[PDB]
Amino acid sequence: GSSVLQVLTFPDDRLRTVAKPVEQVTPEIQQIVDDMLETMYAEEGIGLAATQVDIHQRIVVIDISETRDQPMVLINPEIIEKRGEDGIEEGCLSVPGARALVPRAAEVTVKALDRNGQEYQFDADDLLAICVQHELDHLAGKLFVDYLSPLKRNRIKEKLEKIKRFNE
């Protein structure tokens, strides 16, 4: 009942769009959620933000499980508390092939709506907390390369442009 969507890649200006809150959790929103899950699973990857598939609403899906059967849906997520410092080497479906250390909060408390519009909240640490922060950055138009030096980011940009230089 769902489809894999095209993932935008840096330097696509649409990745800089700031997502709007979801107004109501309609069947249309649930279809977006389902398509985002399908898209996330089509690849090695543990989360996806709607911005990355050119849908500029505050929708995130996550599955950090090894078995890929523990999905989490975050509509209108808000980080309401941050604690501590952590940082791991991150990659991004919208910056394929690039990896870098990103300083993050170690722990976050997040409030969101689930796929059915039910409000909930959770405290996250370790990989879940890092993933949440990475995905919420996407909704703000922010990519992990924005934490890097201009030189490192620009070299990544040029390499990704070369890969798509014959598209369209």
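Residue positions are given as counts along the sequence shown, with the first one as 1.
Trainee: Quick check: 66 to 74 versus 102 to 110, which has the larger average CA B-factor in the record?
Mentor: Higher mean C-alpha B-factor: 66 to 74.
Trainee: Using the B-factor values recorded in the entry, state whether the Cα atom of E81 falls in the lowest, middle or highest third among the modelled residues of its chain.
Mentor: CA B-factor rank for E81: highest third.
Trainee: Among the modelled residues of this chain, does the Cα B factor of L151 put it in the lowest, middle or highest third?
Mentor: Highest third of the chain for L151's C-alpha B-factor.
Trainee: Based on the deposited C-alpha B factors for this chain, I'd like to know if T9 is in the lowest, middle or highest third.
Mentor: CA B-factor rank for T9: lowest third.
Trainee: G97: which third of its chain by C-alpha temperature factor?
Mentor: Answer is highest: the recorded C-alpha B-factor places it there.
Trainee: Mind checking which third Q57 falls in for C-alpha B-factor across the chain?
Mentor: It falls in the bottom third of the chain.
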